[PDB]
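Taking the form deposited in one PDB entry, here's one chain by itself in structure tokens.
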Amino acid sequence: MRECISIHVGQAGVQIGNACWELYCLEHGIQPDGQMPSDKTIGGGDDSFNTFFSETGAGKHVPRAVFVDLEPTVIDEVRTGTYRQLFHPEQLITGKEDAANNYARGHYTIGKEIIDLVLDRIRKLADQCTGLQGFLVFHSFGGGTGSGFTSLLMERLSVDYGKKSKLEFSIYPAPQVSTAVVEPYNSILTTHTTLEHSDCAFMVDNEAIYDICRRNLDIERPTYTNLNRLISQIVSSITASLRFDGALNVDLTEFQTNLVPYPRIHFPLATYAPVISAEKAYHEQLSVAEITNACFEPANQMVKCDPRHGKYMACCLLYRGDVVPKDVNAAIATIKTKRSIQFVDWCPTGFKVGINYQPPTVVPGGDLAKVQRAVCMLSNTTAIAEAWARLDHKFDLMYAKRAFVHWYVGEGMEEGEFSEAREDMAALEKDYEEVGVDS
């Protein structure tokens, strides 16, 4: 019942968002041209949707977005598509040039000309809200906008505002599939950002989601417009308890002191089920004791690392739909006993259930089934410490011959700002090494 603002950086950002918002405007009845076919407006308190919208006059609803990219080319598809009328045409910022996968070029040299126009449409929005929960910062570790420009937007947003909850959904370099020869510089370079100036960093790779689309959804020729919808329903559920009545609610601050065992160790890796096709539905009567079991298969982790080799340190399970709160207990019961699902000792409690009442919602022409239950684990673990290690063996080579250094030092940075990032993805690794040893 309270509100949270969203930022999108980079074009993977913007296009994750296109689907995000086509879904939100469907969960609440908000047509493409801003209206919700209305009633006699009798009231005394009426905040059915407010968390992702704002009412203005005569019946129009306007979303709270900050779409930002230096590439001037992706936003235009917005500005003339079927979502023309709806956004507020003074939010979608659009620079002049693009950083071209050069990190140093989104930090200062091509981005010093847009922060002052985007901090402004933040602050004109952080004050049309009565009380503010959090900042959802969608971006993409891959390219260049989403690595420098975000490391600028987040630092500004963390010394001006300072103490808010700043979430972060971010696409990570895969281990094999890639589309940029200079990715392992960007990544190691944005690590100083996703430690000092954020709290939850939900990473999501790509080959993983590709699998999750080929094995389960019976679609073998996917596109980006079918990975983004899954990364969209993770977000319609981590923020599904601010927005509907619940039988056991969990609020975007409860999440963190349930989910973060220390100041730094805060990189959970999400999951979601049921993801079933249109005809592989009726052969399943998928009741709760099943969909809580799909979440721990090391073949639905949206981040390609093996959770078996590791140890969980927390969990969080935001069921939703037609779920009554005993079945969940027998379910967590079954899970608590298994071998090869090794919870660490110092967290014998284990879990944090949370339920809602609204069925997860469908998007026409989509590729998911009208299920009546759902779940999105957000399970901190130690296994993720074996994805970042990969990018290290992709950087301690492309840097031993200073390859591609010139494009970077060319726009201000120095040769040191690389070894800093080295040691600072080395400490993170040492620390998930540590907090997993048993005492």
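Only residues modelled in both forms are compared. All residue numbers refer to positions in the sequence shown, first residue = 1. The term rigid core refers to the maximal set of C-alpha atoms that superpose within 1.5 Å between the two forms.
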- prompt: Do at least a third of the other compared PDB entries leave residue 42 without coordinates?
  reply: yes
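Absent from the display: the form deposited in another entry. The rest refers to it.
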- request: Scan 109, 158, 300, 91 for the one whose CA shifts by 2 Å or more between this form and the one not shown after superposing the rigid core, and name it.
  value: 91
query: Does the distance between the two CA positions of residue 43 reach 2 Å or more between this form and the one not shown, the core being superposed?
result: yes
- line: Output row for the residue 22-residue 94 CA distance, |change| of 3 angstroms or more in the other entry, reads farther
- request: Since the C-alpha distance between residue 154 and residue 95 changes by 3 Å or more in the other entry, give its direction relative to the shown form: closer or farther.
  value: farther
Taking the rigid core as reference, consecutive runs of 3 or more residues that move 2 angstroms or more in Cα between this form and the one not shown: 38-48, 91-95
